[PDB]
Participant: 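Pasting a structure below so you can have a look.
We're numbering straight along the sequence, starting at 1. Both counts, for ligands and for their atoms, begin at 1 and track the order of listing. What you see below is based on every heavy atom in this structure, not just the backbone, and it leaves out hydrogens, waters and symmetry mates.
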Amino acid sequence: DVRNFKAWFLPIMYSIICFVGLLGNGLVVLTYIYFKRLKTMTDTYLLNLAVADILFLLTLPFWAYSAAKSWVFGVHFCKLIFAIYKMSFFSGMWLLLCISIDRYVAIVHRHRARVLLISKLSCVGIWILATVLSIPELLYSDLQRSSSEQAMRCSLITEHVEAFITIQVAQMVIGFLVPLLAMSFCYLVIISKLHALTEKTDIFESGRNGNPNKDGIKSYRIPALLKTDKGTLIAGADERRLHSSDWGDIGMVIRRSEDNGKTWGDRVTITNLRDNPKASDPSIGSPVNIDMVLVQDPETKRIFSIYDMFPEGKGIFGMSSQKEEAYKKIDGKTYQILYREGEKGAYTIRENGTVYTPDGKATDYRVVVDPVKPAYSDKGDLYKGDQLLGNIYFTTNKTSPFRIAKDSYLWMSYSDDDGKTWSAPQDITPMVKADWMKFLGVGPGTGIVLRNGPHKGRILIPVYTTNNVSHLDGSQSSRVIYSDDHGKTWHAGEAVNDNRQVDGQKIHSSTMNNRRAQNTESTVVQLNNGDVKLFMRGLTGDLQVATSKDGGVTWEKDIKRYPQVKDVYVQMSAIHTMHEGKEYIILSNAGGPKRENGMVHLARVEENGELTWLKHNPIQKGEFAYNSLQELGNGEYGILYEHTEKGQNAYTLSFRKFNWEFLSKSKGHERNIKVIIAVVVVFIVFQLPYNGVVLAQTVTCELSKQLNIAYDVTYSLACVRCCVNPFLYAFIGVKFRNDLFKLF
Ligand SMILES: Cc1ccc([C@H](NC2=NS(=O)(=O)N=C2Nc2ccc(C)c(C(=O)N(C)C)c2O)C(C)(C)C)o1
Ligand code: NA
């Protein structure tokens, strides 16, 4: 079963897959020449790869003559075009590999004066490598009698040669396997990095369809993200066990990541007050901790978590209607108050937890002020002598006589070991909560430490208050609390709303009643010029920013409003950052019109301290609410945010990392081009079948014909690859098709 139309079939095949190839690869040269000034490192590599494609294409004529007649060109040129092919395949493998290390370091150019040195020095080194390893091809190819009529044909030499294995296998492991392996390393981590910058990682996974999750936890809310001096990422959240609402059995928890957010450890629990086992409605039968602010003091390295606390009830909706005094100053000391069932007077908790009567006599009762159980679940337990009776934070079905005021409190815990272990909670309420304040709680997220100015080192925590005139209907007002002594002592700054003009009249946080003049949870930033900016959740539809020239203590009277950034009435987070010598602010919040379509806004800080918004880019489609930003270093940033997919309970807290290229460039310019991928897969899928069939050619007569038609088509695909390569540059390519058509 033979034929000789296969003798004329190849003259036309080598003709067209040589014109397409020499036309396409010629366009690649000419376009590179008059464009030389703006040439990359890969642009010089893709050139030499077209040179290799041309040199191999310039032999296909001589195969057309030989198939149409015979080889009239000698043993010299026969030995030479097989070696010239190995030059193409080996250089292409090493040119492709030089793209790899280029893109590897470029995603893991700054001085053009040595981007040419090492670039073209490896063009010369590859050709020397390609030419040296291909010179052994001169001895395994020559002219053949063949006993096939009067026909002289050029071909590799047949089976009887085996001293070749010590030579040829070496060629393929250096000219191919080393490229293939090293290319496989580069483009594997390159893919890992692009994965890291484009996919979210679930940090606190909520349950699904209303059920609890692997750990019996229905819901997570309220993220905080902190980057420590040691490079650690701390992610904090509310662990909302029973439901998603702002009350119930909530624990303050964190997860540490020691590799910049790739993997995260197990949950650490700062605080989890024990529930009331005798409460009638469990969904509201536990003392509550809710909303934390993280910040690390950069001198001492102590990490602070500051958060709200309410006694047993519906959180802020469990406060008493008429005020209950919570603290009482006696002989210069401030003690917390206890109310005893049946009576009116104020018991006090003095030294060691000892409960004193309204007239100052010690009782046999005692409060666990220094808890010792895991998560400090035992804080507030009430003992008579050494018998446990109850807990001062319980307000219903009590098993002891004493409860604390049903008011609003502010607690703080610290870590001196990178967040692995946390102190017992310390009550900072009496240092910051004035008498008129109905509520005082944090704006969750990440506070700051002033970097510059006459107040540097001061720690700022955002908070907001209500008064007893209008409470949550018209007095929510932002401010900061601060500490100038490394967290020991706290002070309340003034409110943005104190002495502010609204409708031609002054207002004050303590007396106001005015829904549209409120401002609630906020995020704080210090500029390099020393001013403090406060970005405040409010109800004008757009971003409100207040300014303080004295380190947070007082605020200017004018609230700047930026319609460029919409505020759908939800928390946001903002951070200061530098880039290439210029100052910027990144702000993240829901882009709307509901709590959805998470966005990252970019602003440049002008000389006056005002913001020029440059860019607004979606960071997360779908449900998007509270979030927390941090700078990670080396032009990268992370964001921990509330989100729900596919019937997740509100909310799951996820982590995304991004860089300045995502942050500044337009929506289309991603990067994951990667025409390089297409060239590599074809340079393998086509050439590898050939050079493998010619290696198994070595190791009745018509079983080798199966090995011979293997030799034909796999040599045919290795020829068509030198045409497919310019088509790769134009279609999926970005620069080429643009640049070529624009020089016509
Ligand atoms: C000067 C000039 C005009 C036209 C051309 C063609 N270069 C490309 N054509 S293409 O397919 O559009 N892509 C090309 N290069 C290319 C690929 C991939 C990357 C990552 C870069 C890179 O290293 N950059 C830092 C961004 C790059 O530059 C040549 C060389 C094939 C002729 O070069
Ligand atoms: Na090419």
Participant: Output the list of atoms in ligand 1 that are nearer than 4.0 Å to some heavy atom of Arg103, sorted by atom number.
Facilitator: 20 (C), 23 (O), 25 (C)
Participant: Report yes if some N/O of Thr40 lies less than 3.5 Å from some N/O of ligand 1; otherwise report no.
Facilitator: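 Yes.
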Participant: Check ligand 1 against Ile673 and write out every atom of the ligand that is under 4.0 Å from a heavy-atom position of the residue.
Facilitator: 17 (C), 18 (C)
Participant: Contact between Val28 and ligand 1, counting heavy atoms under 4.0 Å?
Facilitator: yes
Participant: Just checking, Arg656 and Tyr641: is the charged tip under 6.0 Å from the six-membered ring centre and within 45° of the axis?
Facilitator: no
Participant: Using only heavy-atom distances, determine whether the side chains of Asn691 and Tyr85 contain a donor-acceptor pair under 3.5 Å.
Facilitator: yes
Participant: If you measure from each non-hydrogen atom of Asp43 to ligand 1, which part falls under 4.0 Å: side chain, backbone, both or neither?
Facilitator: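 Both the backbone and the side chain of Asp43 come within reach of ligand 1.
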Participant: Kindly indicate whether the side chain of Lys674, heavy atoms from C-beta on, has any atom under 4.5 Å from the side chain of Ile190.
Facilitator: yes
Participant: In terms of atom number and element, which parts of ligand 1 are under 4.0 angstrom from non-hydrogen atoms of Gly733?
Facilitator: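 Matching atoms, with element in brackets: 11 (O), 12 (O).
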Participant: Would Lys120 and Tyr45 count as a cation-pi pair here, with the cationic atom under 6.0 angstrom from the ring centre and within 45° of the axis?
Facilitator: no
Participant: Can you check salt bridge (charged side-chain N to carboxylate O under 4.0 Å, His left out) on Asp53 and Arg721, steps first, answer last?
Facilitator: CA-CA 9 Å; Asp53 276 6; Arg721 186 212 48 81; 2.6 Å; yes
Participant: What N/O/S atom of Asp53 gets nearest to the Na ion (ligand 2)?
Facilitator: OD2
Participant: Within the structure, does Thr42 bring an N/O atom to less than 3.5 angstrom of an N/O atom in ligand 1?
Facilitator: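 There is such a contact, yes.
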Participant: Answer yes or no: is there a side-chain heavy-atom contact under 4.5 Å between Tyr584 and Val605?
Facilitator: no
Participant: Just which atoms of ligand 1 are under 4.0 Å from any heavy atom in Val734?
Facilitator: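 This gives 12 (O) as the contact atoms.
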Participant: Is there a salt bridge (charged side-chain N to carboxylate O under 4.0 Å, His left out) between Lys582 and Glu580? Walk through the geometry before answering.
Facilitator: CA-CA 6 Å; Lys582 293 184 198 181; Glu580 282 191 70; over 6 Å; no
Participant: Measure centre to centre between the rings of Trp71 and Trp63, then say whether the value is under 6.0 Å.
Facilitator: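 Between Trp63 and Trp71, which both carry aromatic rings, the centre distance is below 6.0 Å.
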Participant: Would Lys735 count as being in polar contact with ligand 1, using the rule that some N or O on each side must be under 3.5 angstrom apart?
Facilitator: yes
Participant: Under 3.0 Å from the Na ion (ligand 2) - does any N, O or S atom of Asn25 fall there?
Facilitator: yes
